[PDB]
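In what follows, a structure is listed as structure tokens, so that the remarks can point back to it.
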Amino acid sequence: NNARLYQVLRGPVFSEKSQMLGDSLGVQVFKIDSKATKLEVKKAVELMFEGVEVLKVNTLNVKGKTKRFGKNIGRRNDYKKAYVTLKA
Amino acid sequence: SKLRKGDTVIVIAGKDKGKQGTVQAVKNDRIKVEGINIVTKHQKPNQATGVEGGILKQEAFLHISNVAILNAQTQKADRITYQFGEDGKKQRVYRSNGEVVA
Amino acid sequence: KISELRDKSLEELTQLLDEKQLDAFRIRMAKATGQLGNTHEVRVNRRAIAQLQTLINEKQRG
Amino acid sequence: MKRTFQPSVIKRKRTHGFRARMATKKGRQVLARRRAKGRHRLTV
Amino acid sequence: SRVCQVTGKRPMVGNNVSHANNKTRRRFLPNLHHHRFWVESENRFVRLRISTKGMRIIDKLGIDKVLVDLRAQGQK
RNA sequence: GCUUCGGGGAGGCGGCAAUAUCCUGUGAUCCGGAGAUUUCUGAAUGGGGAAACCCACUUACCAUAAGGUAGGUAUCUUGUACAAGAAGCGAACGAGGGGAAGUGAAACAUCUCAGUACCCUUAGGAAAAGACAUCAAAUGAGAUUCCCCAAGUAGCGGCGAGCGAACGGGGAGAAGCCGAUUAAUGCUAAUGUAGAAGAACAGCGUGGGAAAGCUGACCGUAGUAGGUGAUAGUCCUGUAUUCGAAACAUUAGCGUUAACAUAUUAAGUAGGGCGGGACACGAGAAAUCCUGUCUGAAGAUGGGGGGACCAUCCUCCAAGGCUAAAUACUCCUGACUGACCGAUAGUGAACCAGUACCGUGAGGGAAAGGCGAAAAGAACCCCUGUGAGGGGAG
RNA sequence: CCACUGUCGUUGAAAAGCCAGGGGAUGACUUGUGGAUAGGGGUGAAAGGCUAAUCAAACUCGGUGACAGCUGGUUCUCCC
RNA sequence: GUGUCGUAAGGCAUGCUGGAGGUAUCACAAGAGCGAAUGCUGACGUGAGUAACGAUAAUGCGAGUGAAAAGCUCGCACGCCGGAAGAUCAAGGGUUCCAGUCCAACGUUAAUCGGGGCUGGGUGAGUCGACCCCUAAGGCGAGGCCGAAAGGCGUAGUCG
RNA sequence: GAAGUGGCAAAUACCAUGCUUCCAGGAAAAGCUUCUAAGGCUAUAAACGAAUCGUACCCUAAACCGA
């Protein structure tokens, strides 16, 4: 369905690896939904950025860091990010 | 809850007893009245926001039972009661006189 | 707000809900990239989507 | 020298885990006792 | 288990009592046996695990009257 | 957090914990009733599994690609390959199936502990029992249950240690029936789950601050409440008193519906032998009850009991089923109380506690409350490393 | 993989080790992973060994505040 | 603290501190009196500024930074391992990985350094591994067998 | 902006799940190849796919087991 592809992409990644990949190979780095597949990432990117064609999706899960605060021991959310290669 | 924002009250208890003012803020049991119960704040300066800093003089919350609504006619401290107008309106009235206004 | 939503057809409630989900994605991208000053549109848009889904459930149930 | 613990996750979860407890009447009584005491850790 | 179908005879608990009156927990078991009973009205043998008290009950009441009670009571 | 129905009336977006963007008389926050949504695991139920995961099959539909939406798919029981149930969890109390030892006997085996702890099965708001095959022996009573007596009596007992009635009396509650069953539905009444109003104090001195002091008032169906800058009936929240329900729950009464049940007087029964158990009662002169084993009647011209047993007399009819109350209890809800504790106390736990920590695990298991009335939580300057810490200032 | 001798260490670097030597080193060998045997039970080329630094009867909880003719302790004052 | 009073347990008065409660008298009830129990909990002494600072592979110096440098960075030299004290994993751990920043505590000293604090970043697969298909030991096990109950066993299977 | 090919030596790795011997006589099941039972397949390509989870880092250790 089309109401699932809107929630697949959670936000772009802004870091030096992201910027280097975008400059050199023109790949987009996204934070994606933790339950999203590579096929849904392909469809979401091509749907929401009209005029672009996805070549390859590489995905990974990254664990959240244990960051204490006051007397507590919490931890950040896990999250999944995708590297999306585009037809230039 | 009987004193709202905007009505004029008289301070009946504390260092500022006998002074009048307009109610700025009402919390559960504490009230803030402009011009009365003024503290000195040593505000630490900061560049992240637009406030300069310095020594400031701002009004502090005091207990709501230390203030009384000021009668607009007799110019004296008075209590507040409620009236059930047959037209279908619940208005605060003064306890002593009993007129609708405030 | 709900006043001008209760008298909308099921079809146009669906069509407006889809636009609201698209707007939610746009808000998410703008907030992640820093182009969202008033940071309450996300809350209001999410509440509107919840309202739309409530009304769609009601109109599909009765 | 070699010490007593010598950890192994498969062995731990197969001898003490949630399914091993739930698979016996006495393990379920273990779990009920832990829940009545209010332990935040039910099983290994 | 070791329970008579028609009489409900099951192991009973009690004491071994010695001459010095020492008491040890014991059981009394039913005299259960496996017996094939001829049922004329079904033209068939039915094999029951039954006590001898139940066998006397079959003698006095008939296999049909006991089989119908077994079926009513359950396990059949 | 969404909708809605009510309440309410100026603030609000839960706490540490503020800030930002904002919302709110077009009625927000908030409170109460109903509804919608309700990921995954877990009885977990489509199969599996190292819980929060892996892998499916199928029906309808959609898409054209590698999928999506809405379902179905565990097992067992009862009914005609189909419908209805059940499952698991969870305080104590009930009923039932099994059942110790430490201890006491100044040792110890009978005995005690004790039918206790514990294990196991399974209910209900209670359960069980219950209407005489019961007692009594008086001038007879009249089901069951519970309480006070009878009474530490009569007895039982290596007649040791110990165990320990009954009759009958005074009470609580009373009921007797042959469906005194369960589950819905609709009216009627009541209650509950938010709320509303609610009297009456001024002056003077002290004081940082007045509620305390002095003087004089007032309300009271409201005067020993909690707060408020010190001790307030008249400052606030309250209290006495009088009151509200759109919605849903519960209780009772009447009516209807559908599920089950509806005996007809009772034979493998009563009694007996053997071995045990229960009876206060340990085989004892041992009645009575239960039954593992082996037997086995009479059947109202009959049979059971009245503590070996017989006769006489009295009483009652087993081998069909049910039955409220008085009784037991507290995971809990409301109200109220305490010659109960007050931070080594009281819960282990006043605080981010069944936590930290210890243990493979079952399991064990802490410490830790208080600025001030209000943060007014010390702008700024100085020493110092832009640190700690301090001295001024405030 | 073992553990024969000695020194050291013995509030250790270590709740059994280090160093110098020593034994077996294709076998009745050593070792990884998973599994089985559970308390009067197991397992034992047998020392009552071992069964989570616990073993002539594990550990945890319960009976349980076991019992203790034994040891310790037992808190203000004065008068006879 | 002081004074004062009583045979005593103790009473009373009062200076200072303290900042919000206390309690005459007579009755009444007790969690009613502590130096000992190798008592329990917390705090703090003595030992004592004593032992020790954990492999005897080893360091010297010049610069830099810094409040401060034996220990950090860079350089030169020296030394040690090199069937490891180098490298790749599994198990186990779980962010310890990298950068910036800080030095209170932690690090047996100092620290500008760090596996420490804080804030960011980082793990990309049709071919590697898992998952998946298959089964071993061994589990569970429609029905079935056995057993007071709980349960024990076991076939087809289903896991492993 | 350079070279990049000859000799010799040589594993415990490979040929080799081989070979030779011995007795203590040496997993299973599937994938795979065939055969049929009840009742699509083989070549040729062309286009398009191959999901999910792990992957940092230590690992004779300062990161695991030994407080």
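Note on naming: letters A, B, ... go to the chains in the order of the sequence lines (proteins, then strands), and numbering restarts at 1 for each one. The analysis underlying the following values was restricted to heavy atoms, covering all of them including side chains, and did not include hydrogens, waters or symmetry mates.
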Only pairs under 3.5 Å count here: list side-chain donor-acceptor contacts from residues 24-50 of chain B, not counting sequence neighbours, and write none if there are none.
unit_1	atom_1	unit_2	atom_2	d
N37(B)	ND2	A60(B)	O	3.0
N46(B)	ND2	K44(B)	O	3.4

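- Summarising the hydrophobic clusters (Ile, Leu, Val, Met, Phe, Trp, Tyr; side-chain heavy atoms under 4.5 Å, direct or chained), the residues clustered with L47(A) are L5(A), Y6(A), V8(A), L9(A), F30(A), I32(A), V41(A), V45(A), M48(A), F49(A), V52(A), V54(A), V57(A), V84(A), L86(A), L22(C), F25(C), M29(C).
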Inset, instruction - Would you please test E58(C) and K8(C) for salt bridge (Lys or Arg N to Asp or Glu O under 4.0 Å) and show each step? - result: CA-CA 12 Å; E58(C) 278 163 14; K8(C) 267 188 191 71; over 6 Å; no

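- No hydrogens or angles considered: a donor-acceptor pair under 3.5 Å links the side chains of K1(C) and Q51(C).
- In the hydrophobic clustering, where aliphatic and aromatic side chains (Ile, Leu, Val, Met, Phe, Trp, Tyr) are joined below 4.5 Å either directly or transitively, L13(C) groups with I2(C), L5(C), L10(C), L16(C), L17(C), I49(C), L52(C), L55(C), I56(C).
- Listed by first then second residue, pairs satisfying ring-ring contact (aromatic ring centres under 6.0 Å, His included) with a partner in residues 36-72 of chain E read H35(E)-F37(E), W38(E)-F45(E), not counting sequence neighbours.
- Partner of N97(B) under the side chain to side chain donor-acceptor pair (under 3.5 Å) criterion, chosen from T74(B), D78(B), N71(B): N71(B).
- Donor-acceptor pairing under 3.5 Å is lacking for the side chains of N57(C) and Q53(C).
- For the residue pair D18(C) and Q15(C), no side-chain donor N or O sits within less than 3.5 Å of a side-chain acceptor on the partner.
- Residue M1(D) shares its hydrophobic cluster (ILVMFWY side chains chained together at separations under 4.5 Å) with no other residue.
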Inset, instruction - Kindly determine whether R47(E) and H34(E) satisfy side chain to side chain contact (heavy atoms under 4.5 Å, CB included), including the steps that lead there. - result: CA-CA 7 Å; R47(E) 197 211 227 204; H34(E) 266 303; 3.9 Å; yes

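- For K65(E), the salt bridge (charged side-chain N to carboxylate O under 4.0 Å, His left out) test picks out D69(E), with sequence neighbours left out.
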